[PDB]
Amino acid sequence: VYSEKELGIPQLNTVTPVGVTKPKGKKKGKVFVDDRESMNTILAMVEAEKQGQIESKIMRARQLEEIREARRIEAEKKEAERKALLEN
Amino acid sequence: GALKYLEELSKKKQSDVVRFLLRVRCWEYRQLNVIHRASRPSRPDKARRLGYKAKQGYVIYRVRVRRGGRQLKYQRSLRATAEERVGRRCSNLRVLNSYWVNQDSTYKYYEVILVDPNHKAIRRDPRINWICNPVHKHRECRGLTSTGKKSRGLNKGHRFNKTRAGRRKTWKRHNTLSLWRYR
Amino acid sequence: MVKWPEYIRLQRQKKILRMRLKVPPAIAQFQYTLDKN
Amino acid sequence: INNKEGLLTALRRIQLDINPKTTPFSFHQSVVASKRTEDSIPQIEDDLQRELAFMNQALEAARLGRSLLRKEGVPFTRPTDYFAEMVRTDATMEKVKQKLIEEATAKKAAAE
Amino acid sequence: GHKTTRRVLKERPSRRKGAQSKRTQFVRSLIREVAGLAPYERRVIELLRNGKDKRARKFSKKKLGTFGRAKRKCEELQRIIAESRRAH
Amino acid sequence: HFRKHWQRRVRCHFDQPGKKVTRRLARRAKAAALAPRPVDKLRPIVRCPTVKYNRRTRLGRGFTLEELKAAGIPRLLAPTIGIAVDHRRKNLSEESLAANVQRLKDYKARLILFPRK
Amino acid sequence: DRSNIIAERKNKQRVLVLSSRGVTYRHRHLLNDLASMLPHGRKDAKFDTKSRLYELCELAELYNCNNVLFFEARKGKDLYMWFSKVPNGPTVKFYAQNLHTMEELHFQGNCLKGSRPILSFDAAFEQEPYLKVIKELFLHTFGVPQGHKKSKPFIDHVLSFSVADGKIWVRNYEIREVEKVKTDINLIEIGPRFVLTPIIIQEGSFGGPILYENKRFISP
Amino acid sequence: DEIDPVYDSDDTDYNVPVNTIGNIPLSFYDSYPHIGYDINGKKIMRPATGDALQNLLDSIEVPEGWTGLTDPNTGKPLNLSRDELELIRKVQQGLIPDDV
RNA sequence: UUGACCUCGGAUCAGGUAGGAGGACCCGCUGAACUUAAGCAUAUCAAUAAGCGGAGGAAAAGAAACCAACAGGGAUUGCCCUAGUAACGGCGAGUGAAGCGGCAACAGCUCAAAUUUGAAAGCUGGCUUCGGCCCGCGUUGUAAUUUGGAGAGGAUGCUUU
RNA sequence: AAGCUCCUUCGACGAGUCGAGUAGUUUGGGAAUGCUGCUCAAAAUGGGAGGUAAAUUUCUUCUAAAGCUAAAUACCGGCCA
């Protein structure tokens with residue numbers, strides 16, 4: 001038994017797509033984000049992770065939609081930053 | 001030639017006249033006993049084709065058998081279970097053959113032809129006196145009827161290699177170490 | 001009330017079923033026999 | 001027998017017009033190769049050189065099609081946000097993975 | 001292979017061991033008219049009068065099981081509709 | 001292949017001379033009942049089927065109905081005078097027919113037939 | 001408009017895939033693999049071999065398909081692939097060989113089911129006459145037309161056709177994009193590994209006079 | 001006559017979903033506001049957000065067409081129509097499968 | 001009111017039959033695990049053992065919906081080789097036939113589907129001096145003829161009891 | 001009573017069976033190797049099984065869903081030797 005990260009396993013094209021695979025070690029990059037209101041929803045997400053899944057289907061769907069609205073807000077800020085970079 | 005007409009009508013058994021008869025008979029057979037007796041065959045053309053005659057010593061019995069699985073499947077057919085239940089009831093008679101007569105969602109209905117080996121009309125007739133011999137005791141229990149010959153794979157060809165003489169006899173032949181004198 | 005024998009009830013219920021169920025014309029023509037004369 | 005005229009008259013009965021000036025690449029998505037790929041394979045029994053030749057022929061087809069498809073403007077790259085049916089089920093994609101896990105863990109245990 | 005002179009043979013009396021007699025065609029046609037139709041055959045009849053030959057043929061495939069049996073049943077039922085209006 | 005219980009299904013053949021003398025006494029008892037008659041029946045000359053054995057003939061099961069008719073031997077008398085009949089086999093060639101008809105005429109020449117009662 | 005093609009000019013193409021009566025599990029898997037890559041086709045099985053080859057024409061007319069891909073098995077061991085255009089178009093016989101399907105775990109590639117292919121052909125496909133009418137048939141059969149409502153939008157696989165000796169070699173690959181160093185492409189193989197030797201070409205739909213014969217075919 | 005390659009009224013693939021979604025489980029597109037993509041490649045979004053009081057009333061008294069199934073086309077749960085519910089009843093009872 | 005025919009029952013009515021034993025061999029149903037792969041689960045063990053049902057001196061199978069591709073063979077069964085071949089498989093362990101050929105022995109038949117219709121010609125009883133009387137079964141079919149490498153019907157002239 | 005011969009006369013051949021789909025079991029054998037249950041359910045120059053790239057399924061070979069039948073075969077039991 002060994003860790004999968006240590007094994008050089010190629011990425012497989014499942015129902016979840018591979019996207020564009022980045023080379024390992026050679027110019028591997030990452031991203032950057034802090035936020036104010038979306039990170040407030042990450043607070044709302046983590047007690048929901050800590051206190052477990054909600055037995056109420058209404059409250060579980062309501063808290064998932066709040067994270068969806070946070071992703072929609074975070075995405076709209078990202079295209080706004082892309083438009084600002086195109087203007088500059 | 002009334003039985004040629006019956007043969008063509010029995011082929012067409014989902015049609016309106018026959019499905020009506022199969023509906024009203026199934027209601028009647030349901031409220032009778034399981035292993036009750038029939039004075040005359042319900043399908044006289046199938047009884048005739050299978051060996052029934054209007055002679056003293058030939059009787060007809062009707063059996064209801066429960067349908068479904070045993071996902072294990074009972075390798076015995078429902079006809080073979082039907083034939084075994086008449087012989088345990090009419091232990092003095094010999095099971096000649098059987099045929100289908102009716103169907104339901106819970107039961108299947110079969111009619112079984114029995115021959116009395118102790119009547120004098122039977123022993124006098126050389127077309128049916130073979131069943132008087134003691135080798136033919138309880139043919140339905142040994143798989144010797146038409147259902148049993150089917151389920152034992154008693155056909156000829158490359159397709160029936162393992163079961164054309166009996167699988168247990170063939171397995172004994174194929175697993176026997178034959179050692180000769182001057183090896 | 002009183003209990004009828006089983007075969008008496010079965011042959012009587014075969015009457016009612018024959019007159020209630022609607023019969024295909026192959027069997028329905030047997031319900032029309034000829035007259036006394 | 002090779003009735004070369006007969007193949008020609010039969011062909012023009014079937015043919016849909018595939019001209020890059022008149023019909024876009026979105027219609028056919030078919031690319032012929034410059035090389036005939038018989039020159040790439042010296043020996044048929046040579047397995048690795050044979051698969052490399054077929055890889056290389058679809059390599060230029062994948063590159064030449066991508067340039068023609070990006071210009072025309074239809075999408076080419078499947079988004080990370082998109083999920084749909086797959087030609088192999090997820091179960092088939094799993095035991096593909098532990099085929100390479102036991103092959104990777106065998107060579108690490110062999111080194112260890 | 002080897003050159004042997006061939007013989008003609010007497011006609012097999014097991015040839016066409018079904019029933020091609022003119023009498024057995026009378027029995028089959030008379031029983032059908034007395035018996036009527038199955039419920040599935042009634043649906044194929046109704047589609048054939050309406051003109052939906054393709055739907056009747058596909059329905060016969062799903063019910064009987066093979067395409068050649070679908071051709072046979074639809075041919076027999078189309079000849080029933082033809083002989084029905086001849087009497088009409 | 002000693003994977004199963006070979007010990008409980010091993011057959012030895014110490015009765016091979018015992019079966020031989022029993023076999024000879026069965027042939028002896030067969031000619032005791034059929035005293036002037038032979039112990040076997042006439043079988044036709046038949047060509048082996050596959051291309052490996054095309055060039056060798058053997059003894060078959062019985063004579064064709066056409067082979068009995070050409071030799072002048074009746075079909076319902078042939079089993080009673082020691083000739084095997086096979087209705088399944090066909091001639092399909094004149095060489096198979098001529099070889100077996102000649103065999104039946106040779107049997108006819110060597111035959112002594114006795115008159116009923 | 002019941003074509004289910006939302007497009008400017010329509011490529012109205014339907015195919016019908018059939019396995020005859022003796023197809024093995026290997027042949028049946030290849031028919032299931034090919035039909036998973038054609039959203040414009042429908043499946044059928046158990047076609048009576050004692051029937052006539054032009055009753056295949058009646059079959060596809062009934063099901064409204066203008067192409068047929070017929071799998072004929074001999075002895076339960078030998079696969080013969082038929083391509084035709086159903087009313088009048090030419091017909092090609094093939095002999096399938098060296099079959100490999102998706103259930104083998106060594107393939108390690110995957111593509112969107114029903115997505116539109118990149119058909120890759122050969123130079124020898126373009127010059128030579130009998131292969132050139134064959135290329136018309138594969139383009140019609142393996143086409144996946146433009147506006148087909150069962151076709152996935154994003155295009156991620158290449159269908160490869162090539163000649164080596166006298167045989168057509170069919171390969172399927174997955175388009176995968178990576179980032180370069182300081183997007184370049186690479187293909188990973190998916191499935192239907194099979195070899196098609198052209199047997200004989202008919203002018204008719206499933207009959208008609210005979211146009212191409214291969215005088216190099218050694219039958220199994 | 002050339003075959004006109006149209007889809008018949010009885011064909012299995014006569015009407016297709018717009019969402020280009022097959023037998024894929026609908027556990028995906030739960031954390032994502034959208035649901036599926038269409039043939040041209042542009043995006044299909046969830047229609048709306050259900051009310052808490054409406055969901056509470058649905059839990060107390062379920063509708064006639066409720067099945068507990070998430071629609072592959074819309075994020076709202078799929079509800080059977082009146083004609084679909086009548087078709088299920090006629091299939092189950094079997095008294096009149098086909099009208100007129 | 002009488003008398004059927006059909007169906008269902010009773011009788012310490014007459015005449016019979018089945019149970020249980022044995023089970024070495026035979027026909028079916030049902031059905032393990034230990035072991036092996038120096039661990040082990042697919043597999044194997046094994047279509048075995050234990051359990052149930054059923055026969056005879058043998059049983060079973062059996063007169064092709066056969067094998068074949070040949071110049072064809074010709075019911076079944078068993079021996080010799082085929083052959084550790086074909087075929088299947090954690091392709092490892094392994095599993096594993098058959099046609100042909102040489103022998104042993106050989107044997108073929110009965111129905112249903114036909115109108116005897118110029119004559120139910122068939123059969124069980126129980127009463128007898130026994131030589132032949134009734135009763136019943138049966139036309140919703142008991143005899144004769146016929147069973148597809150056939151056959152029937154007329155004619156025909158020999159040959160058989 | 002019977003065998004044949006001839007012919008301006010006839011010749012009936014087995015259905016909830018086959019088959020299509022599915023689940024189980026079994027086999028060297030997913031042309032499903034056989035068998036069983038379940039859903040649907042046939043034909044009459046028909047049906048079954050094979051051969052064949054040979055140009056269309058050409059040809060070969062039998063006739064399932066009724067039945068009987070000695071011998072060659074087996075035998076730690078039975079009557080003996």
# chains A, B, ... in the order shown; residues from 1 in each chain; ligands from 1
call {"tool": "interface_residues", "arguments": {"of": "chain C", "to": "chain I", "cutoff": "9 Å", "atoms": "only C-alpha atoms (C1' of nucleotides)", "output": "VMD selection string"}}
result
chain C and resid 6 to 8 11
call {"tool": "select_by_dssp", "arguments": {"residues": "chain D", "states": "strand (DSSP E or B)", "output": "PyMOL selection string"}}
result
chain D and resi 2+30-31+86
call {"tool": "residues_around", "arguments": {"residues": "residue 172 of chain G", "least_positions_apart": "3", "cutoff": "8 Å", "atoms": "only C-alpha atoms (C1' of nucleotides)", "output": "PyMOL selection string"}}
result
chain G and resi 157-160+189-193
call {"tool": "residues_around", "arguments": {"residues": "segment 66-79 of chain I", "least_positions_apart": "3", "cutoff": "6 Å", "atoms": "only C-alpha atoms (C1' of nucleotides)", "output": "PyMOL selection string"}}
result
(chain B and resi 157) or (chain E and resi 2) or (chain F and resi 49-50+88) or (chain I and resi 61-63) or (chain J and resi 73)
call {"tool": "interface_residues", "arguments": {"of": "chain A", "to": "chain D", "cutoff": "8 Å", "atoms": "only C-alpha atoms", "output": "JSON, numbers by chain"}}
result
{"A": [1, 2, 4, 7, 8, 9, 12, 13, 14, 15, 16, 17, 18, 19]}
call {"tool": "write_last_selection", "arguments": {"atoms": "N, CA, C and O atoms", "output": "PDB file, in the first residue's frame"}}
result
ATOM      1  N   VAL A   1       0.835  -1.195   0.000  1.00  0.00           N
ATOM      2  CA  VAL A   1       0.000   0.000   0.000  1.00  0.00           C
ATOM      3  C   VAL A   1       0.873   1.249   0.000  1.00  0.00           C
ATOM      4  O   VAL A   1       1.681   1.454   0.906  1.00  0.00           O
ATOM      5  N   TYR A   2       0.707   2.082  -1.025  1.00  0.00           N
ATOM      6  CA  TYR A   2       1.472   3.310  -1.169  1.00  0.00           C
ATOM      7  C   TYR A   2       0.533   4.447  -1.548  1.00  0.00           C
ATOM      8  O   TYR A   2      -0.554   4.228  -2.087  1.00  0.00           O
ATOM      9  N   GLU A   4      -1.099   7.456  -3.524  1.00  0.00           N
ATOM     10  CA  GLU A   4      -1.321   7.629  -4.956  1.00  0.00           C
ATOM     11  C   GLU A   4      -0.517   8.795  -5.518  1.00  0.00           C
ATOM     12  O   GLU A   4      -0.146   8.775  -6.697  1.00  0.00           O
ATOM     13  N   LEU A   7       2.909   7.595  -6.624  1.00  0.00           N
ATOM     14  CA  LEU A   7       2.844   6.888  -7.895  1.00  0.00           C
ATOM     15  C   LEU A   7       2.552   7.863  -9.028  1.00  0.00           C
ATOM     16  O   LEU A   7       1.689   8.737  -8.910  1.00  0.00           O
ATOM     17  N   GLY A   8       3.278   7.711 -10.132  1.00  0.00           N
ATOM     18  CA  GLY A   8       3.066   8.560 -11.287  1.00  0.00           C
ATOM     19  C   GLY A   8       1.915   8.084 -12.150  1.00  0.00           C
ATOM     20  O   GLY A   8       2.114   7.688 -13.301  1.00  0.00           O
ATOM     21  N   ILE A   9       0.707   8.121 -11.600  1.00  0.00           N
ATOM     22  CA  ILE A   9      -0.476   7.580 -12.261  1.00  0.00           C
ATOM     23  C   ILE A   9      -0.970   8.608 -13.272  1.00  0.00           C
ATOM     24  O   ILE A   9      -1.180   9.772 -12.898  1.00  0.00           O
ATOM     25  N   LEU A  12      -7.052   9.927 -15.802  1.00  0.00           N
ATOM     26  CA  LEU A  12      -8.008   9.224 -16.645  1.00  0.00           C
ATOM     27  C   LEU A  12      -9.219  10.096 -16.953  1.00  0.00           C
ATOM     28  O   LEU A  12      -9.655  10.905 -16.130  1.00  0.00           O
ATOM     29  N   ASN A  13      -9.771   9.903 -18.152  1.00  0.00           N
ATOM     30  CA  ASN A  13     -10.905  10.690 -18.638  1.00  0.00           C
ATOM     31  C   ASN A  13     -12.203  10.002 -18.231  1.00  0.00           C
ATOM     32  O   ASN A  13     -12.801   9.226 -18.976  1.00  0.00           O
ATOM     33  N   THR A  14     -12.651  10.305 -17.021  1.00  0.00           N
ATOM     34  CA  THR A  14     -13.913   9.780 -16.519  1.00  0.00           C
ATOM     35  C   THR A  14     -15.046  10.712 -16.941  1.00  0.00           C
ATOM     36  O   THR A  14     -14.885  11.569 -17.813  1.00  0.00           O
ATOM     37  N   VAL A  15     -16.222  10.527 -16.333  1.00  0.00           N
ATOM     38  CA  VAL A  15     -17.323  11.476 -16.491  1.00  0.00           C
ATOM     39  C   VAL A  15     -16.902  12.865 -16.036  1.00  0.00           C
ATOM     40  O   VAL A  15     -17.257  13.873 -16.658  1.00  0.00           O
ATOM     41  N   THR A  16     -16.149  12.940 -14.954  1.00  0.00           N
ATOM     42  CA  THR A  16     -15.451  14.169 -14.623  1.00  0.00           C
ATOM     43  C   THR A  16     -14.325  14.366 -15.628  1.00  0.00           C
ATOM     44  O   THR A  16     -13.468  13.483 -15.761  1.00  0.00           O
ATOM     45  N   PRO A  17     -14.291  15.475 -16.356  1.00  0.00           N
ATOM     46  CA  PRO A  17     -13.285  15.642 -17.410  1.00  0.00           C
ATOM     47  C   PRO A  17     -11.894  15.875 -16.848  1.00  0.00           C
ATOM     48  O   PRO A  17     -11.706  16.236 -15.685  1.00  0.00           O
ATOM     49  N   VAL A  18     -10.904  15.653 -17.711  1.00  0.00           N
ATOM     50  CA  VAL A  18      -9.522  15.898 -17.329  1.00  0.00           C
ATOM     51  C   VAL A  18      -9.171  17.373 -17.453  1.00  0.00           C
ATOM     52  O   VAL A  18      -8.288  17.864 -16.742  1.00  0.00           O
ATOM     53  N   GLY A  19      -9.846  18.101 -18.339  1.00  0.00           N
ATOM     54  CA  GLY A  19      -9.425  19.460 -18.632  1.00  0.00           C
ATOM     55  C   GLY A  19      -8.126  19.453 -19.412  1.00  0.00           C
ATOM     56  O   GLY A  19      -7.854  18.546 -20.207  1.00  0.00           O
TER      57      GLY A  19
END
call {"tool": "atom_distance", "arguments": {"atom1": "atom CA of residue 69 of chain G", "atom2": "atom CA of residue 124 of chain G"}}
result
23.2 Å
call {"tool": "atom_distance", "arguments": {"atom1": "atom CA of residue 36 of chain E", "atom2": "atom CA of residue 17 of chain B"}}
result
7.3 Å
call {"tool": "closest_atom_pairs", "arguments": {"of": "chain G", "to": "chain J", "cutoff": "8 Å", "atoms": "only C-alpha atoms (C1' of nucleotides)", "output": "JSON lines"}}
result
{"residue": "G:21", "atom": "CA", "partner": "J:31", "partner_atom": "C1'", "distance": 6.9}
{"residue": "G:22", "atom": "CA", "partner": "J:31", "partner_atom": "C1'", "distance": 4.0}
{"residue": "G:23", "atom": "CA", "partner": "J:31", "partner_atom": "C1'", "distance": 6.8}
{"residue": "G:24", "atom": "CA", "partner": "J:30", "partner_atom": "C1'", "distance": 7.3}
{"residue": "G:25", "atom": "CA", "partner": "J:30", "partner_atom": "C1'", "distance": 6.3}
{"residue": "G:49", "atom": "CA", "partner": "J:57", "partner_atom": "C1'", "distance": 6.0}
{"residue": "G:50", "atom": "CA", "partner": "J:57", "partner_atom": "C1'", "distance": 5.7}
{"residue": "G:51", "atom": "CA", "partner": "J:57", "partner_atom": "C1'", "distance": 6.5}
{"residue": "G:52", "atom": "CA", "partner": "J:57", "partner_atom": "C1'", "distance": 5.9}
{"residue": "G:53", "atom": "CA", "partner": "J:56", "partner_atom": "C1'", "distance": 6.6}
{"residue": "G:75", "atom": "CA", "partner": "J:31", "partner_atom": "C1'", "distance": 6.5}
{"residue": "G:76", "atom": "CA", "partner": "J:31", "partner_atom": "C1'", "distance": 4.7}
{"residue": "G:199", "atom": "CA", "partner": "J:53", "partner_atom": "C1'", "distance": 6.7}
{"residue": "G:207", "atom": "CA", "partner": "J:55", "partner_atom": "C1'", "distance": 7.6}
{"residue": "G:210", "atom": "CA", "partner": "J:55", "partner_atom": "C1'", "distance": 7.6}
{"residue": "G:217", "atom": "CA", "partner": "J:53", "partner_atom": "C1'", "distance": 8.0}
{"residue": "G:219", "atom": "CA", "partner": "J:53", "partner_atom": "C1'", "distance": 6.7}
call {"tool": "select_by_dssp", "arguments": {"residues": "chain H", "states": "alpha helix (DSSP H)", "output": "ChimeraX atom specification"}}
result
/H:52-60,82-93
call {"tool": "residues_around", "arguments": {"residues": "residue 10 of chain B", "least_positions_apart": "4", "cutoff": "12 Å", "atoms": "only C-alpha atoms (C1' of nucleotides)", "output": "PyMOL selection string"}}
result
(chain B and resi 3-6+14-15+17-19+21-22+42-46+100-102) or (chain E and resi 28+31-32+35) or (chain J and resi 15-17)
call {"tool": "residues_around", "arguments": {"residues": "residue 63 of chain J", "least_positions_apart": "5", "cutoff": "10 Å", "atoms": "only C-alpha atoms (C1' of nucleotides)", "output": "list in words"}}
result
residues 14, 15, 16, 17 and 18 of chain E; 64, 65 and 148 of chain I; 13, 47 and 48 of chain J
call {"tool": "write_last_selection", "arguments": {"atoms": "N, CA and C atoms (P, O5', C5', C4', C3', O3' and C1' of nucleotides)", "output": "PDB file, in the first residue's frame"}}
result
ATOM      1  N   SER E  14     -40.104 -37.677 -47.703  1.00  0.00           N
ATOM      2  CA  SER E  14     -40.024 -36.756 -46.582  1.00  0.00           C
ATOM      3  C   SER E  14     -39.841 -35.316 -47.026  1.00  0.00           C
ATOM      4  N   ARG E  15     -39.892 -35.042 -48.329  1.00  0.00           N
ATOM      5  CA  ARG E  15     -39.747 -33.670 -48.792  1.00  0.00           C
ATOM      6  C   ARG E  15     -40.953 -32.849 -48.361  1.00  0.00           C
ATOM      7  N   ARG E  16     -40.671 -31.645 -47.859  1.00  0.00           N
ATOM      8  CA  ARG E  16     -41.672 -30.686 -47.398  1.00  0.00           C
ATOM      9  C   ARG E  16     -42.635 -31.336 -46.405  1.00  0.00           C
ATOM     10  N   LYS E  17     -42.073 -31.779 -45.277  1.00  0.00           N
ATOM     11  CA  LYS E  17     -42.796 -32.596 -44.308  1.00  0.00           C
ATOM     12  C   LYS E  17     -43.748 -31.787 -43.438  1.00  0.00           C
ATOM     13  N   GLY E  18     -44.093 -30.578 -43.856  1.00  0.00           N
ATOM     14  CA  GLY E  18     -45.172 -29.859 -43.225  1.00  0.00           C
ATOM     15  C   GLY E  18     -46.503 -30.335 -43.758  1.00  0.00           C
TER      16      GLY E  18
ATOM     17  P     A I  64     -34.818 -43.458 -37.585  1.00  0.00           P
ATOM     18  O5'   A I  64     -34.427 -42.303 -36.562  1.00  0.00           O
ATOM     19  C5'   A I  64     -34.517 -40.918 -36.935  1.00  0.00           C
ATOM     20  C4'   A I  64     -33.743 -40.066 -35.960  1.00  0.00           C
ATOM     21  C3'   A I  64     -33.748 -38.570 -36.254  1.00  0.00           C
ATOM     22  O3'   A I  64     -33.483 -37.839 -35.063  1.00  0.00           O
ATOM     23  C1'   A I  64     -31.584 -39.418 -36.610  1.00  0.00           C
ATOM     24  P     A I  65     -34.668 -37.478 -34.051  1.00  0.00           P
ATOM     25  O5'   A I  65     -34.619 -35.887 -33.984  1.00  0.00           O
ATOM     26  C5'   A I  65     -33.472 -35.145 -34.443  1.00  0.00           C
ATOM     27  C4'   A I  65     -33.759 -34.509 -35.782  1.00  0.00           C
ATOM     28  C3'   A I  65     -32.756 -33.455 -36.241  1.00  0.00           C
ATOM     29  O3'   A I  65     -31.649 -34.103 -36.860  1.00  0.00           O
ATOM     30  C1'   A I  65     -34.984 -32.692 -36.601  1.00  0.00           C
ATOM     31  P     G I 148     -42.408 -45.010 -41.856  1.00  0.00           P
ATOM     32  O5'   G I 148     -42.564 -44.167 -43.189  1.00  0.00           O
ATOM     33  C5'   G I 148     -42.889 -42.788 -43.133  1.00  0.00           C
ATOM     34  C4'   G I 148     -42.137 -42.005 -44.173  1.00  0.00           C
ATOM     35  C3'   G I 148     -41.429 -40.760 -43.643  1.00  0.00           C
ATOM     36  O3'   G I 148     -40.124 -40.511 -44.213  1.00  0.00           O
ATOM     37  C1'   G I 148     -43.070 -40.139 -45.253  1.00  0.00           C
TER      38        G I 148
ATOM     39  P     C J  13     -50.604 -33.331 -41.736  1.00  0.00           P
ATOM     40  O5'   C J  13     -50.005 -34.549 -40.909  1.00  0.00           O
ATOM     41  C5'   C J  13     -49.339 -34.320 -39.680  1.00  0.00           C
ATOM     42  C4'   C J  13     -48.187 -35.270 -39.487  1.00  0.00           C
ATOM     43  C3'   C J  13     -46.823 -34.629 -39.317  1.00  0.00           C
ATOM     44  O3'   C J  13     -46.601 -34.191 -37.989  1.00  0.00           O
ATOM     45  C1'   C J  13     -46.686 -36.448 -40.834  1.00  0.00           C
ATOM     46  P     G J  47     -39.757 -21.717 -42.743  1.00  0.00           P
ATOM     47  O5'   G J  47     -39.338 -22.822 -41.677  1.00  0.00           O
ATOM     48  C5'   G J  47     -39.884 -22.807 -40.370  1.00  0.00           C
ATOM     49  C4'   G J  47     -39.547 -24.059 -39.602  1.00  0.00           C
ATOM     50  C3'   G J  47     -38.079 -24.289 -39.303  1.00  0.00           C
ATOM     51  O3'   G J  47     -37.601 -23.527 -38.213  1.00  0.00           O
ATOM     52  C1'   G J  47     -39.028 -26.286 -40.099  1.00  0.00           C
ATOM     53  P     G J  48     -36.070 -23.055 -38.188  1.00  0.00           P
ATOM     54  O5'   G J  48     -35.264 -24.373 -37.808  1.00  0.00           O
ATOM     55  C5'   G J  48     -35.455 -25.015 -36.558  1.00  0.00           C
ATOM     56  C4'   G J  48     -34.590 -26.242 -36.438  1.00  0.00           C
ATOM     57  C3'   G J  48     -33.118 -26.051 -36.736  1.00  0.00           C
ATOM     58  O3'   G J  48     -32.409 -25.465 -35.663  1.00  0.00           O
ATOM     59  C1'   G J  48     -33.886 -27.996 -37.815  1.00  0.00           C
TER      60        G J  48
END
call {"tool": "residues_around", "arguments": {"residues": "residue 134 of chain G", "least_positions_apart": "3", "cutoff": "12 Å", "atoms": "only C-alpha atoms (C1' of nucleotides)", "output": "ChimeraX atom specification"}}
result
/D:7-8,10-11,14-15 /G:82-85,89-94,121-122,124-131,137-142,161,168,196-202,212
call {"tool": "write_last_selection", "arguments": {"atoms": "C-alpha atoms", "output": "PDB file, in the first residue's frame"}}
result
ATOM      1  CA  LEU D   7     -16.247   3.028 -59.366  1.00  0.00           C
ATOM      2  CA  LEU D   8     -16.163   6.587 -60.700  1.00  0.00           C
ATOM      3  CA  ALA D  10     -20.954   5.056 -58.683  1.00  0.00           C
ATOM      4  CA  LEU D  11     -18.884   7.463 -56.567  1.00  0.00           C
ATOM      5  CA  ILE D  14     -23.047   9.248 -53.671  1.00  0.00           C
ATOM      6  CA  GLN D  15     -20.787  12.251 -53.337  1.00  0.00           C
TER       7      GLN D  15
ATOM      8  CA  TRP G  82     -20.923  -5.053 -44.940  1.00  0.00           C
ATOM      9  CA  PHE G  83     -21.245  -1.347 -45.770  1.00  0.00           C
ATOM     10  CA  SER G  84     -23.981  -0.143 -48.111  1.00  0.00           C
ATOM     11  CA  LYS G  85     -26.330   2.670 -49.022  1.00  0.00           C
ATOM     12  CA  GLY G  89     -25.799   2.890 -53.399  1.00  0.00           C
ATOM     13  CA  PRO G  90     -22.705   0.697 -53.705  1.00  0.00           C
ATOM     14  CA  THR G  91     -21.787  -2.091 -51.303  1.00  0.00           C
ATOM     15  CA  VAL G  92     -18.432  -3.229 -49.907  1.00  0.00           C
ATOM     16  CA  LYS G  93     -17.582  -6.572 -48.315  1.00  0.00           C
ATOM     17  CA  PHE G  94     -14.866  -6.717 -45.661  1.00  0.00           C
ATOM     18  CA  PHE G 121      -8.001   9.232 -43.747  1.00  0.00           C
ATOM     19  CA  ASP G 122      -4.903   8.206 -45.693  1.00  0.00           C
ATOM     20  CA  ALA G 124      -3.762   6.129 -50.447  1.00  0.00           C
ATOM     21  CA  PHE G 125      -7.428   6.608 -49.577  1.00  0.00           C
ATOM     22  CA  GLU G 126      -7.368   9.752 -51.715  1.00  0.00           C
ATOM     23  CA  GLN G 127      -5.613   8.539 -54.863  1.00  0.00           C
ATOM     24  CA  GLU G 128      -6.716   4.932 -55.579  1.00  0.00           C
ATOM     25  CA  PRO G 129     -10.259   4.478 -56.954  1.00  0.00           C
ATOM     26  CA  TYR G 130     -11.710   1.556 -54.979  1.00  0.00           C
ATOM     27  CA  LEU G 131     -10.570   2.983 -51.650  1.00  0.00           C
ATOM     28  CA  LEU G 137     -19.020   5.158 -47.322  1.00  0.00           C
ATOM     29  CA  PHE G 138     -17.126   5.595 -44.042  1.00  0.00           C
ATOM     30  CA  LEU G 139     -17.737   9.348 -44.190  1.00  0.00           C
ATOM     31  CA  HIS G 140     -21.461   8.651 -44.515  1.00  0.00           C
ATOM     32  CA  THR G 141     -21.513   5.893 -41.884  1.00  0.00           C
ATOM     33  CA  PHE G 142     -19.086   7.289 -39.289  1.00  0.00           C
ATOM     34  CA  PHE G 161      -8.155   4.948 -41.044  1.00  0.00           C
ATOM     35  CA  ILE G 168      -7.659  -0.958 -43.676  1.00  0.00           C
ATOM     36  CA  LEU G 196     -10.614  -4.517 -42.505  1.00  0.00           C
ATOM     37  CA  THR G 197      -9.429  -6.186 -45.674  1.00  0.00           C
ATOM     38  CA  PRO G 198     -11.613  -5.129 -48.649  1.00  0.00           C
ATOM     39  CA  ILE G 199     -13.181  -8.254 -50.077  1.00  0.00           C
ATOM     40  CA  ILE G 200     -15.369  -7.219 -53.042  1.00  0.00           C
ATOM     41  CA  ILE G 201     -17.399  -4.161 -54.117  1.00  0.00           C
ATOM     42  CA  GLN G 202     -20.955  -4.300 -55.511  1.00  0.00           C
ATOM     43  CA  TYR G 212     -13.950  -4.495 -57.499  1.00  0.00           C
TER      44      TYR G 212
END
